[PDB]
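Data block for protein04.tsv (TSV, C-alpha atoms and all ligand atoms):
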chain	number	residue	atom	x	y	z
M	1	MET	CA	14.85	-34.48	-13.84
M	2	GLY	CA	17.68	-34.15	-16.25
M	3	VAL	CA	17.72	-30.31	-16.17
M	4	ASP	CA	20.88	-28.19	-16.53
M	5	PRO	CA	21.64	-25.40	-13.95
M	6	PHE	CA	24.04	-23.52	-16.24
M	7	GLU	CA	21.24	-23.28	-18.80
M	8	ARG	CA	18.83	-22.13	-16.14
M	9	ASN	CA	21.48	-19.52	-15.29
M	10	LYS	CA	21.36	-18.40	-18.92
M	11	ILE	CA	17.56	-18.15	-18.74
M	12	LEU	CA	17.92	-15.90	-15.64
M	13	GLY	CA	20.30	-13.58	-17.40
M	14	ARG	CA	19.80	-9.92	-16.50
M	15	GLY	CA	17.21	-9.26	-13.83
M	16	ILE	CA	15.89	-6.79	-11.31
M	17	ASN	CA	14.76	-7.14	-7.67
M	18	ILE	CA	11.32	-5.81	-6.82
M	19	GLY	CA	12.31	-4.92	-3.28
M	20	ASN	CA	10.85	-3.09	-0.26
M	21	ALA	CA	7.60	-4.84	-1.17
M	22	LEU	CA	6.76	-8.43	-0.08
M	23	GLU	CA	9.71	-8.61	2.30
M	24	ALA	CA	8.41	-5.80	4.52
M	25	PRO	CA	6.12	-6.89	7.39
M	26	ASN	CA	3.09	-6.04	5.21
M	27	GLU	CA	3.34	-5.24	1.48
M	28	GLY	CA	3.48	-1.46	1.13
M	29	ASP	CA	4.96	-0.75	4.55
M	30	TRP	CA	8.31	-0.02	2.99
M	31	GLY	CA	7.02	2.02	0.11
M	32	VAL	CA	6.32	-0.50	-2.59
M	33	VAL	CA	3.28	-2.50	-3.68
M	34	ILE	CA	3.87	-4.74	-6.69
M	35	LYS	CA	1.61	-3.56	-9.48
M	36	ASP	CA	0.90	-5.87	-12.41
M	37	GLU	CA	2.15	-3.34	-14.98
M	38	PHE	CA	5.63	-3.42	-13.40
M	39	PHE	CA	6.13	-6.63	-15.33
M	40	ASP	CA	5.39	-4.94	-18.64
M	41	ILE	CA	7.79	-2.08	-17.78
M	42	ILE	CA	10.53	-4.43	-16.66
M	43	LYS	CA	10.21	-6.80	-19.65
M	44	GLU	CA	10.04	-3.84	-22.06
M	45	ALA	CA	13.36	-2.40	-20.79
M	46	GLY	CA	15.13	-5.61	-21.56
M	47	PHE	CA	15.27	-7.60	-18.35
M	48	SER	CA	14.99	-11.38	-18.49
M	49	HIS	CA	13.84	-11.93	-14.88
M	50	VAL	CA	12.63	-10.52	-11.61
M	51	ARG	CA	13.75	-11.53	-8.18
M	52	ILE	CA	10.98	-11.30	-5.59
M	53	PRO	CA	12.05	-10.88	-1.86
M	54	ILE	CA	9.31	-12.50	0.27
M	55	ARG	CA	8.88	-12.45	4.03
M	56	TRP	CA	6.97	-15.71	4.34
M	57	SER	CA	7.75	-15.78	8.08
M	58	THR	CA	5.31	-13.06	9.04
M	59	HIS	CA	2.50	-14.77	7.09
M	60	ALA	CA	2.69	-18.33	8.48
M	61	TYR	CA	1.59	-19.69	11.85
M	62	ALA	CA	4.30	-19.97	14.50
M	63	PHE	CA	3.18	-23.45	15.60
M	64	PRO	CA	3.22	-26.74	13.66
M	65	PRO	CA	2.41	-27.24	10.86
M	66	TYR	CA	3.44	-23.62	10.31
M	67	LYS	CA	0.82	-23.20	7.65
M	68	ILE	CA	1.23	-20.21	5.33
M	69	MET	CA	-1.85	-17.99	5.43
M	70	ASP	CA	-4.18	-18.36	2.44
M	71	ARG	CA	-4.51	-14.72	1.51
M	72	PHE	CA	-0.74	-14.31	1.46
M	73	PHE	CA	-0.16	-17.41	-0.65
M	74	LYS	CA	-2.80	-16.09	-3.08
M	75	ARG	CA	-0.92	-12.79	-3.30
M	76	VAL	CA	2.38	-14.51	-4.07
M	77	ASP	CA	0.63	-16.67	-6.72
M	78	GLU	CA	-0.60	-13.48	-8.37
M	79	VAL	CA	2.85	-11.83	-8.40
M	80	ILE	CA	4.59	-14.89	-9.83
M	81	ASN	CA	1.95	-15.43	-12.46
M	82	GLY	CA	1.95	-11.75	-13.42
M	83	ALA	CA	5.69	-12.00	-14.16
M	84	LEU	CA	5.43	-15.29	-16.02
M	85	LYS	CA	2.70	-13.80	-18.23
M	86	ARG	CA	5.25	-11.32	-19.64
M	87	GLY	CA	7.74	-14.06	-20.27
M	88	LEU	CA	9.96	-13.05	-17.34
M	89	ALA	CA	11.70	-15.75	-15.33
M	90	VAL	CA	11.14	-15.51	-11.60
M	91	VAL	CA	13.23	-15.93	-8.53
M	92	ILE	CA	11.39	-16.28	-5.19
M	93	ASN	CA	13.05	-16.70	-1.82
M	94	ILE	CA	12.66	-16.61	1.92
M	95	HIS	CA	13.69	-13.11	3.05
M	96	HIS	CA	14.05	-11.35	6.38
M	97	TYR	CA	13.47	-14.31	8.60
M	98	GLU	CA	15.38	-12.74	11.44
M	99	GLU	CA	14.37	-15.17	14.21
M	100	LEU	CA	16.00	-17.96	12.08
M	101	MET	CA	19.30	-16.12	11.90
M	102	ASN	CA	19.31	-15.49	15.61
M	103	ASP	CA	18.20	-18.97	16.70
M	104	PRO	CA	18.60	-21.48	13.84
M	105	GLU	CA	17.79	-24.46	16.06
M	106	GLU	CA	14.47	-23.23	17.32
M	107	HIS	CA	13.32	-22.08	13.88
M	108	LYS	CA	14.67	-24.89	11.74
M	109	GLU	CA	11.45	-26.93	11.63
M	110	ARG	CA	9.36	-23.86	10.72
M	111	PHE	CA	11.80	-22.80	7.97
M	112	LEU	CA	11.82	-26.22	6.36
M	113	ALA	CA	8.03	-26.44	6.70
M	114	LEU	CA	7.81	-23.18	4.78
M	115	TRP	CA	9.82	-24.78	1.95
M	116	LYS	CA	7.74	-27.94	2.08
M	117	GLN	CA	4.69	-25.76	1.49
M	118	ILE	CA	6.25	-23.52	-1.17
M	119	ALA	CA	7.76	-26.41	-3.15
M	120	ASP	CA	4.34	-28.14	-2.97
M	121	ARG	CA	2.59	-24.99	-4.21
M	122	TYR	CA	4.83	-24.42	-7.20
M	123	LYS	CA	6.21	-27.83	-8.12
M	124	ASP	CA	4.16	-27.81	-11.35
M	125	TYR	CA	4.88	-24.21	-12.30
M	126	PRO	CA	7.15	-23.48	-15.33
M	127	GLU	CA	10.87	-24.26	-15.19
M	128	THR	CA	11.43	-20.49	-15.44
M	129	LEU	CA	10.58	-20.13	-11.70
M	130	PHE	CA	13.66	-20.55	-9.39
M	131	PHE	CA	13.67	-21.33	-5.65
M	132	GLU	CA	16.19	-19.34	-3.60
M	133	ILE	CA	16.57	-20.99	-0.23
M	134	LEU	CA	17.38	-18.18	2.09
M	135	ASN	CA	18.36	-14.57	1.58
M	136	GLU	CA	21.67	-13.64	3.34
M	137	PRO	CA	22.17	-16.14	6.04
M	138	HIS	CA	23.97	-14.61	9.02
M	139	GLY	CA	24.68	-14.21	12.71
M	140	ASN	CA	24.06	-17.32	14.77
M	141	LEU	CA	23.29	-19.09	11.51
M	142	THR	CA	27.07	-19.51	10.99
M	143	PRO	CA	28.69	-20.88	7.80
M	144	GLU	CA	28.83	-24.37	9.39
M	145	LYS	CA	25.22	-24.32	10.55
M	146	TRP	CA	24.15	-22.95	7.12
M	147	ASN	CA	25.79	-25.95	5.35
M	148	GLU	CA	23.66	-28.28	7.42
M	149	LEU	CA	20.54	-26.16	7.00
M	150	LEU	CA	20.85	-25.82	3.22
M	151	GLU	CA	21.32	-29.55	2.78
M	152	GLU	CA	18.16	-30.21	4.88
M	153	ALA	CA	16.36	-27.70	2.67
M	154	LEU	CA	17.45	-29.35	-0.53
M	155	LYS	CA	16.27	-32.63	0.87
M	156	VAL	CA	12.87	-31.19	1.77
M	157	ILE	CA	12.46	-29.55	-1.61
M	158	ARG	CA	13.81	-32.37	-3.76
M	159	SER	CA	11.55	-34.89	-2.07
M	160	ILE	CA	8.75	-32.89	-3.71
M	161	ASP	CA	10.21	-31.14	-6.73
M	162	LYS	CA	13.16	-32.52	-8.75
M	163	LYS	CA	12.54	-30.10	-11.65
M	164	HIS	CA	13.14	-26.52	-10.51
M	165	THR	CA	16.61	-25.12	-10.15
M	166	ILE	CA	17.39	-24.17	-6.55
M	167	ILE	CA	19.53	-21.08	-5.73
M	168	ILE	CA	21.96	-21.34	-2.81
M	169	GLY	CA	23.54	-18.36	-1.09
M	170	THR	CA	26.51	-17.87	1.23
M	171	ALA	CA	26.62	-17.25	4.98
M	172	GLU	CA	28.07	-14.15	6.78
M	173	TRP	CA	25.38	-12.00	5.12
M	174	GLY	CA	25.68	-13.69	1.72
M	175	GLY	CA	28.74	-11.93	0.21
M	176	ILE	CA	32.19	-13.33	-0.53
M	177	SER	CA	33.34	-13.64	3.13
M	178	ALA	CA	32.12	-17.16	3.59
M	179	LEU	CA	32.27	-18.39	0.03
M	180	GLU	CA	35.18	-20.77	0.73
M	181	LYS	CA	33.18	-22.31	3.58
M	182	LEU	CA	30.16	-23.19	1.42
M	183	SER	CA	29.44	-26.83	0.79
M	184	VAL	CA	26.77	-27.80	-1.74
M	185	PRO	CA	25.95	-31.55	-1.51
M	186	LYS	CA	27.57	-33.54	-4.32
M	187	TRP	CA	24.26	-35.35	-4.78
M	188	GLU	CA	22.44	-32.15	-5.73
M	189	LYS	CA	23.24	-31.08	-9.30
M	190	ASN	CA	20.56	-28.55	-10.38
M	191	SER	CA	21.51	-25.62	-8.19
M	192	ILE	CA	22.95	-22.18	-8.83
M	193	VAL	CA	25.17	-20.46	-6.23
M	194	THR	CA	24.30	-16.86	-5.42
M	195	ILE	CA	26.51	-14.08	-4.13
M	196	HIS	CA	25.34	-10.51	-3.25
M	197	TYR	CA	27.88	-7.80	-4.01
M	198	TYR	CA	27.92	-4.41	-2.39
M	199	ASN	CA	31.67	-3.80	-1.99
M	200	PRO	CA	32.95	-1.30	-1.03
M	201	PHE	CA	30.20	-1.64	1.55
M	202	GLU	CA	30.98	1.85	2.84
M	203	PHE	CA	30.33	3.22	-0.66
M	204	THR	CA	27.19	1.27	-1.43
M	205	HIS	CA	25.51	1.74	1.87
M	206	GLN	CA	26.70	5.20	2.88
M	207	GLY	CA	23.93	6.88	4.89
M	208	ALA	CA	21.70	3.77	5.01
M	209	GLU	CA	19.31	4.28	7.92
M	210	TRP	CA	19.21	0.54	8.62
M	211	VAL	CA	22.97	0.21	9.04
M	212	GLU	CA	24.46	1.40	12.30
M	213	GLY	CA	27.25	3.91	11.81
M	214	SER	CA	26.74	4.36	8.07
M	215	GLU	CA	26.45	8.14	8.42
M	216	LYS	CA	30.28	8.21	8.77
M	217	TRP	CA	30.65	6.79	5.23
M	218	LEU	CA	28.59	9.54	3.61
M	219	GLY	CA	30.40	11.17	0.64
M	220	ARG	CA	32.47	8.17	-0.32
M	221	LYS	CA	33.12	7.93	-4.06
M	222	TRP	CA	34.04	5.17	-6.49
M	223	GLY	CA	35.79	4.79	-9.86
M	224	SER	CA	39.62	4.79	-9.66
M	225	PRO	CA	41.78	2.25	-11.47
M	226	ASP	CA	42.62	1.21	-7.87
M	227	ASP	CA	38.91	0.60	-7.13
M	228	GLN	CA	38.53	-1.43	-10.31
M	229	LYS	CA	41.43	-3.76	-9.49
M	230	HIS	CA	40.06	-4.46	-6.03
M	231	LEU	CA	36.71	-5.54	-7.59
M	232	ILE	CA	38.22	-7.74	-10.32
M	233	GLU	CA	40.31	-9.49	-7.68
M	234	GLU	CA	37.17	-10.32	-5.71
M	235	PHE	CA	35.28	-11.47	-8.83
M	236	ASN	CA	38.19	-13.67	-9.91
M	237	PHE	CA	38.01	-15.30	-6.48
M	238	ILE	CA	34.34	-16.01	-7.12
M	239	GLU	CA	35.08	-17.25	-10.62
M	240	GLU	CA	37.85	-19.54	-9.49
M	241	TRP	CA	35.57	-20.93	-6.71
M	242	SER	CA	32.99	-21.46	-9.43
M	243	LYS	CA	35.33	-23.32	-11.77
M	244	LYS	CA	36.60	-25.50	-8.95
M	245	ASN	CA	33.21	-26.39	-7.56
M	246	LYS	CA	31.55	-26.44	-11.00
M	247	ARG	CA	28.49	-24.38	-9.96
M	248	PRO	CA	26.96	-21.43	-11.93
M	249	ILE	CA	27.01	-18.01	-10.26
M	250	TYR	CA	24.14	-15.51	-9.79
M	251	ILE	CA	24.78	-12.13	-8.26
M	252	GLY	CA	21.26	-11.91	-6.85
M	253	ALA	CA	21.57	-8.40	-5.46
M	254	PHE	CA	23.97	-5.55	-6.00
M	255	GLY	CA	23.43	-1.75	-6.06
M	256	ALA	CA	24.50	1.49	-4.42
M	257	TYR	CA	22.14	3.56	-2.23
M	258	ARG	CA	20.74	6.90	-3.38
M	259	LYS	CA	22.79	8.96	-0.94
M	260	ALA	CA	25.96	8.01	-2.89
M	261	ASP	CA	26.93	10.58	-5.56
M	262	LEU	CA	25.10	9.78	-8.79
M	263	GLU	CA	28.14	9.53	-11.05
M	264	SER	CA	29.97	7.14	-8.66
M	265	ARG	CA	26.85	4.99	-8.63
M	266	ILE	CA	26.70	4.84	-12.39
M	267	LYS	CA	30.40	4.04	-12.67
M	268	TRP	CA	30.16	1.37	-9.91
M	269	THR	CA	27.05	-0.17	-11.48
M	270	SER	CA	28.21	-0.28	-15.10
M	271	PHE	CA	31.62	-1.70	-14.09
M	272	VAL	CA	30.03	-4.35	-11.87
M	273	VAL	CA	27.67	-5.33	-14.73
M	274	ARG	CA	30.39	-5.56	-17.41
M	275	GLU	CA	32.63	-7.66	-15.10
M	276	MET	CA	29.78	-9.99	-14.19
M	277	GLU	CA	28.88	-10.36	-17.84
M	278	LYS	CA	32.48	-11.16	-18.79
M	279	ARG	CA	32.27	-14.03	-16.30
M	280	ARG	CA	28.90	-15.02	-17.78
M	281	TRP	CA	27.11	-14.65	-14.46
M	282	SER	CA	23.38	-13.93	-14.16
M	283	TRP	CA	22.46	-11.03	-11.92
M	284	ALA	CA	19.65	-8.99	-10.36
M	285	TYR	CA	19.90	-5.33	-9.58
M	286	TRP	CA	18.90	-4.02	-6.10
M	287	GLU	CA	16.41	-2.66	-6.70
M	288	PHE	CA	13.54	-1.55	-8.95
M	289	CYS	CA	11.86	1.53	-7.52
M	290	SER	CA	12.80	2.35	-3.97
M	291	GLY	CA	15.91	3.75	-2.24
M	292	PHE	CA	18.39	2.09	-4.71
M	293	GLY	CA	15.86	2.47	-7.54
M	294	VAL	CA	16.26	2.99	-11.24
M	295	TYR	CA	12.58	3.56	-12.02
M	296	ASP	CA	10.24	6.21	-10.62
M	297	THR	CA	6.82	4.60	-10.28
M	298	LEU	CA	4.96	7.86	-9.88
M	299	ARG	CA	6.31	9.71	-12.96
M	300	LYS	CA	6.88	6.38	-14.74
M	301	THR	CA	10.28	7.22	-15.94
M	302	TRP	CA	13.61	5.50	-15.65
M	303	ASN	CA	16.94	6.98	-14.67
M	304	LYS	CA	18.33	6.63	-18.20
M	305	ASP	CA	21.97	6.65	-17.19
M	306	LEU	CA	21.49	4.01	-14.53
M	307	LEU	CA	19.28	1.92	-16.78
M	308	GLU	CA	21.94	2.12	-19.47
M	309	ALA	CA	24.56	0.92	-16.99
M	310	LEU	CA	22.32	-2.12	-16.52
M	311	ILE	CA	20.87	-2.29	-20.06
T	401	LIG	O1	9.57	0.81	10.28
T	401	LIG	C1	8.50	1.71	9.97
T	401	LIG	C2	8.95	2.65	8.85
T	401	LIG	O2	9.41	1.86	7.74
T	401	LIG	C3	9.93	2.70	6.70
T	401	LIG	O3	10.40	1.88	5.62
T	401	LIG	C4	11.81	1.65	5.69
T	401	LIG	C5	12.11	0.51	6.67
T	401	LIG	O4	11.93	0.98	8.01
T	401	LIG	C6	13.56	0.06	6.50
T	401	LIG	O5	13.80	-1.12	7.28
T	401	LIG	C7	13.87	-0.26	5.04
T	401	LIG	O6	15.24	-0.67	4.98
T	401	LIG	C8	15.46	-1.59	3.90
T	401	LIG	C9	16.13	-0.89	2.72
T	401	LIG	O7	15.30	0.15	2.20
T	401	LIG	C10	16.43	-1.92	1.63
T	401	LIG	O8	17.15	-1.32	0.56
T	401	LIG	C11	17.28	-3.04	2.21
T	401	LIG	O9	17.51	-4.01	1.19
T	401	LIG	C12	18.59	-4.89	1.55
T	401	LIG	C13	18.13	-6.34	1.37
T	401	LIG	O10	16.92	-6.58	2.10
T	401	LIG	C14	19.28	-7.24	1.83
T	401	LIG	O11	18.91	-8.62	1.81
T	401	LIG	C15	20.46	-6.97	0.89
T	401	LIG	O12	20.10	-7.25	-0.46
T	401	LIG	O13	20.84	-5.59	0.98
T	401	LIG	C16	19.78	-4.69	0.62
T	401	LIG	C17	20.31	-3.26	0.73
T	401	LIG	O14	20.82	-3.01	2.04
T	401	LIG	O15	16.56	-3.67	3.29
T	401	LIG	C18	16.32	-2.75	4.36
T	401	LIG	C19	15.67	-3.54	5.50
T	401	LIG	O16	15.75	-2.83	6.73
T	401	LIG	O17	13.64	0.91	4.23
T	401	LIG	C20	12.27	1.31	4.28
T	401	LIG	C21	12.02	2.57	3.44
T	401	LIG	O18	12.24	2.27	2.06
T	401	LIG	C22	8.75	3.50	6.13
T	401	LIG	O19	9.21	4.28	5.03
T	401	LIG	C23	8.14	4.39	7.21
T	401	LIG	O20	6.96	4.99	6.69
T	401	LIG	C24	7.77	3.53	8.42
T	401	LIG	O21	7.40	4.37	9.52

Would you put the structure from the file into C-alpha cells?
Amino acid sequence: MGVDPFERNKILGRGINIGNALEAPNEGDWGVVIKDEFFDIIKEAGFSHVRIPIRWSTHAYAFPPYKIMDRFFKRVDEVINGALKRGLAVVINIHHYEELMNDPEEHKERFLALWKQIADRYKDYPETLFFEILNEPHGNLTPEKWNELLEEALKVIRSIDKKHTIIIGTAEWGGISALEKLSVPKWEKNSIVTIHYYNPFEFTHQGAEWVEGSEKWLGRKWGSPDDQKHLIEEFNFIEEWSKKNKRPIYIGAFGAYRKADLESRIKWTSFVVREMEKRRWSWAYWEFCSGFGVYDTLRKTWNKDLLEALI
C-alpha cells in the first residue's frame, strides 16, 4: 500500500510470453499446452518473468454474475503457481476478448466482473504477480472509451487489492499510435504502462495467416542504419512520454514471425532488446515456443542465436 511501480518494473525485467496457449479458445487449440517444466527451462535461460495471455472470456458465463468456471480458474492457479515456484514473476491479463472490442458498452459489466473475480482470487498472492488489464484494446473500444474503461477497471481492482502493480496498455491495438491519448488517473500510482512493439509491422508480421493482406509483405528484411534510426525515434517518443507522465514502461510483447528471414529477425530482436534496455524498460518476448518461438518444445532446444539476442 506503499509499493513502488518502478521497482516492480525492475522485478519484471526480462521476460517471455507463453503464447498460443491459454488465450486460444481451449488450451492446446493453437499448438501449446503449458507444461510445468517450461518454468524450469525459462528460469534456467535467464528470464525474470513470464507473461501469460489468458482468454478468460470463453471460460466465464455470459450472464450476471459472469462467474469464471471453476476448472478454468483451477488451471490458471496451477500455471501461476508453477511459475512462482521457480522464482519467476508473473504477468496475467485478459486476452482476446473480441466482443469487448467490438461492443465495449454491452460487454463492460462482464469485463469488470472478470477483474472483480480475478483480483479477488489473487489479492493475497505474492507481489511478484502483475495484473495487466486488457491486451491490445482496439476497434470500437477507441482511445477515449479505453480511458474510461481502464479507470473503471482500476477502481474495481483497487477496491479489492491495493498491493499488486497493475499494467495498463494503449488503445489502437496497443502500440505507439495512441500513446499520446492515454490517460492514467492521477490517483492511481502503482501502475506500469505497457506498449507492444512490432514495427515495421510489415516486417514482423509478413505472411501471418491471421492478418489480411500480409502475404504481400513476405520477404521484407530489416537492419539498415535507416531502419535503426526509425526505431530509436519511436522509442524516444515512448521515453519522453514516460518522463513526462512519470510512468514505468513495459514492452509486453515484441517479436518477428518465423516467415521473416532468420538473420533479419535476429538483428531486429537484438537491436530492439538493447534499445529497450538502454531505456531501462522491462519487456516480454513474443513468444516462447510457437510461430515466433525461440524454443522447440519437442527437441527441447533453443534457437541459440535468437536466445542470445534476448539473453
Ligand atoms: O482455428 C482453428 C485452427 O487454429 C490453428 O491455430 C492457429 C490459430 O487459428 C490462429 O488464430 C493463431 O494466430 C495467432 C498467432 O499464432 C499468434 O502469434 C498471435 O499473437 C498475437 C497476440 O495474440 C497479439 O495480442 C499481439 O501480441 O500480436 C501477436 C502476434 O501477432 O495471435 C494470433 C491470433 O489469431 O495461430 C494458431 C497456430 O499457431 C491450429 O493450428 C489449427 O490446427 C486449427 O484448425

Item to check | Atom-to-atom span, atom CA of residue 211 of chain M and atom CA of residue 55 of chain M, Å | outcome: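 Computing it gives 19.6 Å between the two atoms.
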
Item to check | Neighbourhood of ligand LIG 401 (chain T) at 9 Å, counting all atoms listed in the file, reported as a ChimeraX atom specification | outcome: /M:17,19-20,23-25,28-32,53,95-96,135-136,173-174,196-198,204-205,208-211,252-257,286-287,290-292

Item to check | Coordinates-based distance that separates atom CA of residue 107 of chain M from atom CA of residue 57 of chain M (Å, one decimal) | outcome: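 Atom CA of residue 57 of chain M sits 10.2 Å away from atom CA of residue 107 of chain M.
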
Next on the checklist: My list of candidates is M:310, M:261, M:186, M:274. Which is closest to residue 288 of chain M when distances are computed with only C-alpha atoms?
Outcome noted: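 Among the listed residues, M:310 lies closest to residue 288 of chain M.
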
Item to check | Test item: which residues lie within 9 Å of (18.5, -28.2, -11.2) counting all atoms listed in the file, as a list in words | outcome: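 Protein and nucleic acid residues near the point are residues 1, 2, 3, 4, 5, 6, 8, 162, 163, 164, 165, 166, 188, 189, 190, 191 and 192 of chain M.
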
Next on the checklist: Could you check the closest approach to residue 297 of chain M for each of M:7, M:120, M:37, M:27 and tell me which residue wins, using only C-alpha atoms?
Outcome noted: M:37

Checklist entry - Which is closest to residue 237 of chain M among M:167, M:289, M:272, M:176, if we use only C-alpha atoms? => result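 Looking at the shortest contact to residue 237 of chain M, the residue is M:176.
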
Checklist outcome for this item: Using only C-alpha atoms, the best pick from M:110, M:93, M:224, M:145 as closest to residue 133 of chain M would be M:93

Item to check | From M:76, M:101, M:294, M:260, residue lying nearest residue 54 of chain M [all atoms listed in the file] | outcome: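 Among the listed residues, M:76 lies closest to residue 54 of chain M.
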
Limit the output to N, CA and C atoms and give segment 281-305 of chain M as a PDB file, in the first residue's frame.
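Output file part39.pdb follows:
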ATOM      1  N   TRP M 281      13.662  -0.277 -19.688  1.00  0.00           N
ATOM      2  CA  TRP M 281      12.316  -0.809 -19.793  1.00  0.00           C
ATOM      3  C   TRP M 281      12.324  -2.318 -19.597  1.00  0.00           C
ATOM      4  N   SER M 282      11.264  -2.840 -18.978  1.00  0.00           N
ATOM      5  CA  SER M 282      11.089  -4.283 -18.810  1.00  0.00           C
ATOM      6  C   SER M 282      10.501  -4.727 -20.145  1.00  0.00           C
ATOM      7  N   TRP M 283      10.527  -6.027 -20.418  1.00  0.00           N
ATOM      8  CA  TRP M 283       9.984  -6.478 -21.676  1.00  0.00           C
ATOM      9  C   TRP M 283       9.653  -7.969 -21.664  1.00  0.00           C
ATOM     10  N   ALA M 284       8.826  -8.406 -22.603  1.00  0.00           N
ATOM     11  CA  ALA M 284       8.492  -9.824 -22.722  1.00  0.00           C
ATOM     12  C   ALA M 284       8.451 -10.213 -24.179  1.00  0.00           C
ATOM     13  N   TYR M 285       9.317 -11.148 -24.532  1.00  0.00           N
ATOM     14  CA  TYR M 285       9.325 -11.574 -25.930  1.00  0.00           C
ATOM     15  C   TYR M 285       8.095 -12.350 -26.393  1.00  0.00           C
ATOM     16  N   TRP M 286       7.628 -12.123 -27.634  1.00  0.00           N
ATOM     17  CA  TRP M 286       6.507 -12.878 -28.213  1.00  0.00           C
ATOM     18  C   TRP M 286       7.129 -13.801 -29.275  1.00  0.00           C
ATOM     19  N   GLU M 287       7.193 -15.110 -29.044  1.00  0.00           N
ATOM     20  CA  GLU M 287       6.718 -15.736 -27.812  1.00  0.00           C
ATOM     21  C   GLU M 287       7.544 -17.009 -27.650  1.00  0.00           C
ATOM     22  N   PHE M 288       7.328 -17.731 -26.560  1.00  0.00           N
ATOM     23  CA  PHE M 288       8.116 -18.900 -26.208  1.00  0.00           C
ATOM     24  C   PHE M 288       8.361 -20.041 -27.198  1.00  0.00           C
ATOM     25  N   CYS M 289       7.303 -20.704 -27.638  1.00  0.00           N
ATOM     26  CA  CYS M 289       7.523 -21.890 -28.462  1.00  0.00           C
ATOM     27  C   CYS M 289       6.590 -22.134 -29.642  1.00  0.00           C
ATOM     28  N   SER M 290       6.027 -21.067 -30.191  1.00  0.00           N
ATOM     29  CA  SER M 290       5.104 -21.296 -31.284  1.00  0.00           C
ATOM     30  C   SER M 290       5.663 -20.636 -32.545  1.00  0.00           C
ATOM     31  N   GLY M 291       4.793 -20.004 -33.336  1.00  0.00           N
ATOM     32  CA  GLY M 291       5.204 -19.361 -34.575  1.00  0.00           C
ATOM     33  C   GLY M 291       6.257 -18.248 -34.566  1.00  0.00           C
ATOM     34  N   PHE M 292       6.498 -17.630 -33.395  1.00  0.00           N
ATOM     35  CA  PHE M 292       7.506 -16.566 -33.206  1.00  0.00           C
ATOM     36  C   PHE M 292       8.563 -17.169 -32.231  1.00  0.00           C
ATOM     37  N   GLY M 293       8.404 -18.458 -31.930  1.00  0.00           N
ATOM     38  CA  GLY M 293       9.241 -19.092 -30.923  1.00  0.00           C
ATOM     39  C   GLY M 293      10.756 -19.133 -30.937  1.00  0.00           C
ATOM     40  N   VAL M 294      11.321 -19.217 -29.738  1.00  0.00           N
ATOM     41  CA  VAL M 294      12.758 -19.315 -29.616  1.00  0.00           C
ATOM     42  C   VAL M 294      13.168 -20.674 -29.037  1.00  0.00           C
ATOM     43  N   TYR M 295      12.187 -21.438 -28.590  1.00  0.00           N
ATOM     44  CA  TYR M 295      12.421 -22.751 -28.001  1.00  0.00           C
ATOM     45  C   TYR M 295      11.568 -23.804 -28.678  1.00  0.00           C
ATOM     46  N   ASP M 296      12.180 -24.944 -28.987  1.00  0.00           N
ATOM     47  CA  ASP M 296      11.460 -26.050 -29.628  1.00  0.00           C
ATOM     48  C   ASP M 296      11.083 -26.978 -28.484  1.00  0.00           C
ATOM     49  N   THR M 297       9.795 -27.147 -28.222  1.00  0.00           N
ATOM     50  CA  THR M 297       9.405 -27.976 -27.085  1.00  0.00           C
ATOM     51  C   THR M 297       9.540 -29.458 -27.302  1.00  0.00           C
ATOM     52  N   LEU M 298       9.549 -29.872 -28.558  1.00  0.00           N
ATOM     53  CA  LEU M 298       9.706 -31.289 -28.869  1.00  0.00           C
ATOM     54  C   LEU M 298      11.163 -31.743 -28.674  1.00  0.00           C
ATOM     55  N   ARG M 299      12.094 -31.077 -29.356  1.00  0.00           N
ATOM     56  CA  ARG M 299      13.510 -31.419 -29.276  1.00  0.00           C
ATOM     57  C   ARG M 299      14.132 -30.866 -27.986  1.00  0.00           C
ATOM     58  N   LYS M 300      13.485 -29.859 -27.398  1.00  0.00           N
ATOM     59  CA  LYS M 300      13.946 -29.240 -26.164  1.00  0.00           C
ATOM     60  C   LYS M 300      15.239 -28.511 -26.336  1.00  0.00           C
ATOM     61  N   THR M 301      15.273 -27.720 -27.387  1.00  0.00           N
ATOM     62  CA  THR M 301      16.440 -26.962 -27.694  1.00  0.00           C
ATOM     63  C   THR M 301      16.017 -25.562 -28.038  1.00  0.00           C
ATOM     64  N   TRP M 302      16.888 -24.617 -27.739  1.00  0.00           N
ATOM     65  CA  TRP M 302      16.635 -23.235 -28.053  1.00  0.00           C
ATOM     66  C   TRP M 302      17.282 -22.870 -29.387  1.00  0.00           C
ATOM     67  N   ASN M 303      16.853 -21.739 -29.937  1.00  0.00           N
ATOM     68  CA  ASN M 303      17.481 -21.207 -31.128  1.00  0.00           C
ATOM     69  C   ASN M 303      18.510 -20.319 -30.420  1.00  0.00           C
ATOM     70  N   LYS M 304      19.753 -20.806 -30.380  1.00  0.00           N
ATOM     71  CA  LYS M 304      20.840 -20.118 -29.704  1.00  0.00           C
ATOM     72  C   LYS M 304      21.009 -18.665 -30.026  1.00  0.00           C
ATOM     73  N   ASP M 305      20.995 -18.378 -31.331  1.00  0.00           N
ATOM     74  CA  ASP M 305      21.192 -17.038 -31.850  1.00  0.00           C
ATOM     75  C   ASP M 305      20.072 -16.117 -31.411  1.00  0.00           C
TER      76      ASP M 305
END
